[PDB]
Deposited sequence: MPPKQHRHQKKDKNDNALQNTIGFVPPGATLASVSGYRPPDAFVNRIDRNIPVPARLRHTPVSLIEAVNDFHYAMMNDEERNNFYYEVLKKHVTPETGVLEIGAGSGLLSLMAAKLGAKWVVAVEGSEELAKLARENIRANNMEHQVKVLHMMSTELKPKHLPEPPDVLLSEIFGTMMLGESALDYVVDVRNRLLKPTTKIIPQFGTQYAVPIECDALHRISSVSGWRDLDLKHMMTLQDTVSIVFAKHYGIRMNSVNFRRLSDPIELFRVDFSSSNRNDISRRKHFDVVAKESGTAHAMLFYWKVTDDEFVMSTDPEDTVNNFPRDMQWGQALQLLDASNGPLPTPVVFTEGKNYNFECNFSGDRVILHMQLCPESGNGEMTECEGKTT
């Protein structure tokens, strides 16, 4: 017999039993589905979001194009609503097949087609015509975390026609300074009785954006306080915006509603199309448990200045606080640095 180099069994001790359905299946595909896709599909509210927005844009003469088909659920929705043709693009090989198999298992093998490629190499030749609708779910815990704006923009410039409706329409990344003792106990140490340990603080990570779930935390489960109104880091119109519409450095003047300790900046985002909303805000994901597991929220520990040891950002209600937001080149990573009163070039 033969075993693919990336077969699941290869990752597993000889003494441990593996079901035939898993043995020769590629590790990455298994990891992809088990870690993300199962949680995505049980995000009913997410599925309901895309079904409703498609429902008001799909005619039997509607040509649909989806970026990142994965399992093909969204592409199935387009066809389910009676679309003329659906072409779904998927970057990895094994996800491409899995989509097709889901497409045969259901009705739509004639209606929906899945191309193995990145949307970057998708050419007008690969499409029947310019699509009426562009479909996309390529949002991460950070909205542009998996470069959603860049992939749509490339496709928007090359493959779409004027009348093309882009789903979804709007996207906004928010930031909130929060007090959260529970998080603080995971990320800070002073000492144990007589023993001084504050030197450990030399190493505290004030720079990295961190996904709540990866370190075992769900903000809906943890008690915390929002020390201010949401901060609109940036808005994006997917049918007109570019990644340079997001200035690589911005300054935000935040008014503290409540006094407390800003242990961390909490990062969430909302996606809008007409009256329909996709929210990453923990207030809206209380009952959407699968969403907190797929997207969740992101955190960044705040340091007030550049001392040898981190300085706590203490908010005093009514008093005003100034933050410098620095994006990376691809606008995929960002950072919130409190302005002093010389890491920042605040003025």
{"property": "Deposited-sequence segments unaccounted for in the coordinates", "result": "1-35, 377-380, 387-390"}
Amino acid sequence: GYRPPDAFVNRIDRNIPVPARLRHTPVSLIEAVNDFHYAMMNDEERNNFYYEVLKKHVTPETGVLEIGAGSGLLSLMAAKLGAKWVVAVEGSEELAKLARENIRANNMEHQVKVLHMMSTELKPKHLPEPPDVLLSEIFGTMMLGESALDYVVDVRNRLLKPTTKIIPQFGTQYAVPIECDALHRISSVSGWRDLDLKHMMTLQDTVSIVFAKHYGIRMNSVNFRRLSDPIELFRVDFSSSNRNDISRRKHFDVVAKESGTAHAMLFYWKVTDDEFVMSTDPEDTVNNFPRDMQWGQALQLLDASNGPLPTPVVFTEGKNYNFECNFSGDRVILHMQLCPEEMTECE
From here on, numbers count along this sequence of modelled residues.
item	value
Per the entry, higher mean C-alpha B factor between 306-314 and 53-61	53-61
Which of 263-271 and 160-168 has higher mean CA B factor, as the PDB entry lists it	160-168
Maximum C-alpha temperature factor, selected from 255, 144, 203, 209	255
B-factor third for the C-alpha atom of residue 140 within its chain	lowest
For residue 100, the third of its chain into which the C-alpha B factor falls	lowest
Where the record places residue 74 (Cα B-factor, split into thirds across the chain)	lowest
Chain-relative CA temperature factor third for residue 183	lowest
For residue 46, the third of its chain into which the C-alpha B factor falls	middle
